[PDB]
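> Quick one: structure below, then a few questions.
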Amino acid sequence: XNXXX
Amino acid sequence: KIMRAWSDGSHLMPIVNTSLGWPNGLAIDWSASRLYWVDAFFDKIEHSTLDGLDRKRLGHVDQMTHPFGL
Ligand SMILES: *[C@@H]1O[C@H](CO)[C@@H](O[C@@H]2O[C@H](CO)[C@@H](O)[C@H](O[C@@H]3O[C@H](CO[C@H]4O[C@H](CO)[C@@H](O)[C@H](O)[C@@H]4O)[C@@H](O)[C@H](O[C@H]4O[C@H](CO)[C@@H](O)[C@H](O)[C@@H]4O)[C@@H]3O)[C@H]2NC(C)=O)[C@H](O)[C@H]1NC(C)=O
Ligand SMILES: [Ca+2]
């Protein structure tokens, strides 16, 4: 997805 | 959306809010004074004037599929 890890 | 404001943080306003998905990265072309961004949903690099006018899109980059920073 686009979340920071 | 990609928003612009005074360096004070006031006058916050959208300048790019059409055809955007996951605008991960931003950059400035100091020579030409043009804002660059990049999408991770549509996988495209775009650039425009600091007002969000004169929007252009770069050509396809071969294997770029999730660009984060530029
Ligand atoms: C998506 O992003 C766009 C911008 O790309 C936003 O649209 C803009 O919303 C702003 C709201 O803060 C406005 O600056 C702007 O809308 C108006 O701009 C007018 C400028 O006057 C000239 O242009 C109009 C164009 O229709 C023309 O008719 C006129 O004759 C002039 O040539 C202002 O006049 C207008 O003022 C009106 O609204 C304000 C409140 O906002 C009142 O206080 C005034 O009394 C008056 O009724 C207004 O400022 C928008 N520009 C565009 C491109 O439409 C969207 O809002 C963003 N949407 C989302 C979902 O994020
Ligand atoms: Ca993708």
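By convention here, the chains of the structure tokens are called A, B, ... in the order presented, each chain's residues are numbered starting at 1, and ligands are numbered starting at 1 in the order presented.
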With only C-alpha atoms considered, list every residue of chain B at most 9 Å from chain A, as a VMD selection string.
chain B and resid 22 24 40 66 68
> Okay, now the selection with C-alpha atoms, as a PDB file, in the first residue's frame?

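Output file result.pdb is given in full below:
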ATOM      1  CA  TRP B  22      -1.096   8.955  -3.900  1.00  0.00           C
ATOM      2  CA  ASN B  24       3.987  10.728  -2.658  1.00  0.00           C
ATOM      3  CA  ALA B  40       2.091   6.056  -7.041  1.00  0.00           C
ATOM      4  CA  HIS B  66       5.605   2.822  -7.031  1.00  0.00           C
ATOM      5  CA  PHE B  68       7.956   7.537  -3.458  1.00  0.00           C
TER       6      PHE B  68
END
> What are the nearest atom pairs, with distances in Å to one decimal, for all residues of chain B that come at most 10 Å from ligand 2, using only C-alpha atoms and all ligand atoms, set out by chain and rising residue number as CSV?

residue,atom,partner,partner_atom_place_in_ligand_line,distance
B:21,CA,ligand 2,1 (Ca),9.6
B:22,CA,ligand 2,1 (Ca),9.2
B:39,CA,ligand 2,1 (Ca),8.3
B:40,CA,ligand 2,1 (Ca),5.1
B:41,CA,ligand 2,1 (Ca),4.7
B:42,CA,ligand 2,1 (Ca),6.4
B:43,CA,ligand 2,1 (Ca),5.8
B:44,CA,ligand 2,1 (Ca),9.6
B:64,CA,ligand 2,1 (Ca),8.4
B:65,CA,ligand 2,1 (Ca),4.7
B:66,CA,ligand 2,1 (Ca),5.0
B:67,CA,ligand 2,1 (Ca),8.2
> Produce a file of the selected residues containing N, CA and C atoms, as a compact mmCIF listing (two decimals), in the first residue's frame.

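What follows is the written file out.txt:
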# COMPACT_ATOMS: atom_id res chain seq x y z
N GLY B 21 -3.76 10.41 -7.47
CA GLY B 21 -3.83 9.29 -6.55
C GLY B 21 -2.45 9.04 -5.95
N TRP B 22 -2.35 9.16 -4.62
CA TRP B 22 -1.10 8.95 -3.90
C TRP B 22 0.01 9.86 -4.45
N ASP B 39 3.04 10.45 -8.82
CA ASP B 39 1.94 9.63 -8.33
C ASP B 39 2.38 8.18 -8.23
N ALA B 40 1.86 7.48 -7.21
CA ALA B 40 2.09 6.06 -7.04
C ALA B 40 0.87 5.24 -7.47
N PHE B 41 -0.28 5.90 -7.69
CA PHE B 41 -1.48 5.21 -8.15
C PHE B 41 -1.52 5.17 -9.68
N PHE B 42 -1.36 6.34 -10.31
CA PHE B 42 -1.33 6.47 -11.75
C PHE B 42 0.09 6.31 -12.32
N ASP B 43 1.12 6.31 -11.46
CA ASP B 43 2.51 6.07 -11.85
C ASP B 43 2.96 7.08 -12.91
N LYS B 44 2.81 8.37 -12.62
CA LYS B 44 3.18 9.41 -13.56
C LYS B 44 3.92 10.53 -12.84
N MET B 64 8.97 2.08 -13.60
CA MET B 64 8.49 2.81 -12.44
C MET B 64 7.05 2.41 -12.15
N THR B 65 6.80 1.85 -10.96
CA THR B 65 5.45 1.43 -10.61
C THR B 65 5.02 1.88 -9.21
N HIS B 66 5.96 2.21 -8.31
CA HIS B 66 5.60 2.82 -7.03
C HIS B 66 6.68 3.83 -6.63
N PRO B 67 6.72 5.01 -7.29
CA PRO B 67 7.70 6.03 -6.94
C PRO B 67 7.29 6.79 -5.68
> Rounded to one decimal place, report the CA of residue 57 in chain B-atom 2 (O, counted along the ligand's line) of ligand 1 distance in Å.
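Separation of CA of residue 57 in chain B and atom 2 (O, counted along the ligand's line) of ligand 1: 18.2 Å.
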> Between B:35, B:53, B:5, B:61, which is the closest to ligand 1 once you count only C-alpha atoms and all ligand atoms?
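For ligand 1, the nearest of the given residues is B:53.
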> Using atom 12 (O, counted along the ligand's line) of ligand 1 and CA of residue 11 in chain B as the two end points, give the distance in Å to one decimal.
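Interatomic distance, atom 12 (O, counted along the ligand's line) of ligand 1 to CA of residue 11 in chain B: 9.3 Å.
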> Name the residues of range 35-65 of chain B that fall into strand (DSSP E or B) according to DSSP on the backbone, using the chain letters and numbers of this document, as a VMD selection string.
chain B and resid 35 to 39 45 to 49 56 to 57
> Grab me every residue within 12 Å of ligand 1, counting only C-alpha atoms and all ligand atoms, and send it over as a ChimeraX atom specification.
/B:1-4,11-20,50-55
> Store the residues picked out above, limited to N, CA, C and O atoms, as a PDB file, in the first residue's frame.

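What landed in part18.pdb:
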ATOM      1  N   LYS B   1      -4.913  15.722  -2.934  1.00  0.00           N
ATOM      2  CA  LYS B   1      -4.671  17.085  -3.367  1.00  0.00           C
ATOM      3  C   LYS B   1      -3.255  17.505  -2.998  1.00  0.00           C
ATOM      4  O   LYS B   1      -2.655  16.950  -2.080  1.00  0.00           O
ATOM      5  N   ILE B   2      -2.753  18.490  -3.744  1.00  0.00           N
ATOM      6  CA  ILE B   2      -1.493  19.149  -3.446  1.00  0.00           C
ATOM      7  C   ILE B   2      -1.822  20.598  -3.124  1.00  0.00           C
ATOM      8  O   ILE B   2      -2.425  21.297  -3.937  1.00  0.00           O
ATOM      9  N   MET B   3      -1.415  21.046  -1.930  1.00  0.00           N
ATOM     10  CA  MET B   3      -1.844  22.336  -1.412  1.00  0.00           C
ATOM     11  C   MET B   3      -0.649  23.281  -1.348  1.00  0.00           C
ATOM     12  O   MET B   3       0.493  22.850  -1.210  1.00  0.00           O
ATOM     13  N   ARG B   4      -0.939  24.577  -1.484  1.00  0.00           N
ATOM     14  CA  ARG B   4       0.067  25.617  -1.386  1.00  0.00           C
ATOM     15  C   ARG B   4      -0.336  26.588  -0.284  1.00  0.00           C
ATOM     16  O   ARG B   4      -1.522  26.823  -0.061  1.00  0.00           O
ATOM     17  N   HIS B  11      -3.085  31.089   4.356  1.00  0.00           N
ATOM     18  CA  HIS B  11      -3.527  31.123   2.966  1.00  0.00           C
ATOM     19  C   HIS B  11      -3.455  29.736   2.326  1.00  0.00           C
ATOM     20  O   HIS B  11      -3.109  29.603   1.149  1.00  0.00           O
ATOM     21  N   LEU B  12      -3.761  28.701   3.117  1.00  0.00           N
ATOM     22  CA  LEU B  12      -3.735  27.328   2.631  1.00  0.00           C
ATOM     23  C   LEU B  12      -4.837  27.122   1.592  1.00  0.00           C
ATOM     24  O   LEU B  12      -5.993  27.463   1.832  1.00  0.00           O
ATOM     25  N   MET B  13      -4.462  26.598   0.422  1.00  0.00           N
ATOM     26  CA  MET B  13      -5.411  26.400  -0.659  1.00  0.00           C
ATOM     27  C   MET B  13      -4.923  25.254  -1.534  1.00  0.00           C
ATOM     28  O   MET B  13      -3.720  25.094  -1.745  1.00  0.00           O
ATOM     29  N   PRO B  14      -5.826  24.394  -2.048  1.00  0.00           N
ATOM     30  CA  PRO B  14      -5.436  23.402  -3.045  1.00  0.00           C
ATOM     31  C   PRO B  14      -5.028  24.074  -4.352  1.00  0.00           C
ATOM     32  O   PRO B  14      -5.569  25.118  -4.715  1.00  0.00           O
ATOM     33  N   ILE B  15      -4.061  23.474  -5.048  1.00  0.00           N
ATOM     34  CA  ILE B  15      -3.646  23.972  -6.351  1.00  0.00           C
ATOM     35  C   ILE B  15      -3.673  22.839  -7.373  1.00  0.00           C
ATOM     36  O   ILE B  15      -3.683  23.104  -8.569  1.00  0.00           O
ATOM     37  N   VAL B  16      -3.647  21.586  -6.902  1.00  0.00           N
ATOM     38  CA  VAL B  16      -3.789  20.426  -7.767  1.00  0.00           C
ATOM     39  C   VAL B  16      -4.717  19.441  -7.071  1.00  0.00           C
ATOM     40  O   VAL B  16      -4.331  18.803  -6.099  1.00  0.00           O
ATOM     41  N   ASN B  17      -5.945  19.302  -7.571  1.00  0.00           N
ATOM     42  CA  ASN B  17      -6.911  18.400  -6.958  1.00  0.00           C
ATOM     43  C   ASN B  17      -7.695  17.643  -8.027  1.00  0.00           C
ATOM     44  O   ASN B  17      -8.826  17.233  -7.783  1.00  0.00           O
ATOM     45  N   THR B  18      -7.086  17.438  -9.199  1.00  0.00           N
ATOM     46  CA  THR B  18      -7.722  16.678 -10.267  1.00  0.00           C
ATOM     47  C   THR B  18      -6.729  15.662 -10.814  1.00  0.00           C
ATOM     48  O   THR B  18      -5.578  16.009 -11.061  1.00  0.00           O
ATOM     49  N   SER B  19      -7.208  14.434 -11.042  1.00  0.00           N
ATOM     50  CA  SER B  19      -6.403  13.338 -11.564  1.00  0.00           C
ATOM     51  C   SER B  19      -5.192  13.097 -10.664  1.00  0.00           C
ATOM     52  O   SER B  19      -4.048  13.142 -11.120  1.00  0.00           O
ATOM     53  N   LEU B  20      -5.460  12.823  -9.383  1.00  0.00           N
ATOM     54  CA  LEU B  20      -4.404  12.528  -8.427  1.00  0.00           C
ATOM     55  C   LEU B  20      -4.757  11.278  -7.635  1.00  0.00           C
ATOM     56  O   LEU B  20      -5.887  11.119  -7.178  1.00  0.00           O
ATOM     57  N   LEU B  50       4.060  27.323 -10.069  1.00  0.00           N
ATOM     58  CA  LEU B  50       3.842  27.347  -8.628  1.00  0.00           C
ATOM     59  C   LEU B  50       2.381  27.640  -8.277  1.00  0.00           C
ATOM     60  O   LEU B  50       1.984  27.461  -7.133  1.00  0.00           O
ATOM     61  N   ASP B  51       1.580  28.094  -9.247  1.00  0.00           N
ATOM     62  CA  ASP B  51       0.159  28.344  -9.036  1.00  0.00           C
ATOM     63  C   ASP B  51      -0.690  27.116  -9.375  1.00  0.00           C
ATOM     64  O   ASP B  51      -1.912  27.163  -9.218  1.00  0.00           O
ATOM     65  N   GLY B  52      -0.060  26.030  -9.843  1.00  0.00           N
ATOM     66  CA  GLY B  52      -0.784  24.852 -10.298  1.00  0.00           C
ATOM     67  C   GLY B  52      -1.256  24.966 -11.749  1.00  0.00           C
ATOM     68  O   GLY B  52      -1.873  24.036 -12.259  1.00  0.00           O
ATOM     69  N   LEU B  53      -0.911  26.072 -12.427  1.00  0.00           N
ATOM     70  CA  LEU B  53      -1.225  26.257 -13.839  1.00  0.00           C
ATOM     71  C   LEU B  53      -0.207  25.533 -14.724  1.00  0.00           C
ATOM     72  O   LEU B  53       0.816  25.059 -14.237  1.00  0.00           O
ATOM     73  N   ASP B  54      -0.512  25.462 -16.027  1.00  0.00           N
ATOM     74  CA  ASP B  54       0.421  24.980 -17.034  1.00  0.00           C
ATOM     75  C   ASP B  54       0.879  23.561 -16.693  1.00  0.00           C
ATOM     76  O   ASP B  54       2.063  23.241 -16.774  1.00  0.00           O
ATOM     77  N   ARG B  55      -0.080  22.710 -16.312  1.00  0.00           N
ATOM     78  CA  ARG B  55       0.219  21.356 -15.874  1.00  0.00           C
ATOM     79  C   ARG B  55       0.656  20.511 -17.069  1.00  0.00           C
ATOM     80  O   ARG B  55      -0.004  20.501 -18.108  1.00  0.00           O
TER      81      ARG B  55
END
> Show which residues sit within 7 Å of residue 46 in chain B, as number ranges by chain. Count only C-alpha atoms, and ignore same-chain residues fewer than 6 positions away.
B: 36-38, 56-58
> I need the chosen residues saved as a short mmCIF file (atom, residue, chain, number, x, y, z; two decimals), in the first residue's frame, with N, CA, C and O atoms.

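Written file, again13.cif:
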data_model
loop_
_atom_site.label_atom_id
_atom_site.label_comp_id
_atom_site.auth_asym_id
_atom_site.auth_seq_id
_atom_site.Cartn_x
_atom_site.Cartn_y
_atom_site.Cartn_z
N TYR B 36 7.32 20.04 -9.14
CA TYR B 36 7.23 18.67 -9.64
C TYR B 36 6.63 17.78 -8.56
O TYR B 36 6.92 17.94 -7.37
N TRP B 37 5.79 16.84 -8.99
CA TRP B 37 5.26 15.81 -8.11
C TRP B 37 5.23 14.48 -8.85
O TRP B 37 5.56 14.43 -10.04
N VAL B 38 4.82 13.43 -8.14
CA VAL B 38 4.81 12.10 -8.70
C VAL B 38 3.72 11.28 -8.03
O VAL B 38 3.52 11.40 -6.83
N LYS B 56 1.79 19.82 -16.91
CA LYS B 56 2.31 18.93 -17.93
C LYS B 56 2.65 17.58 -17.30
O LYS B 56 2.84 17.48 -16.08
N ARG B 57 2.73 16.55 -18.14
CA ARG B 57 3.03 15.20 -17.71
C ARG B 57 4.20 14.67 -18.53
O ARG B 57 4.19 14.78 -19.75
N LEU B 58 5.17 14.05 -17.85
CA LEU B 58 6.31 13.46 -18.53
C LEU B 58 5.90 12.14 -19.16
O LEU B 58 4.88 11.55 -18.82
#
> So how many Å separate CA of residue 70 in chain B and CA of residue 30 in chain B, to one decimal?
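These two atoms are separated by 14.0 Å.
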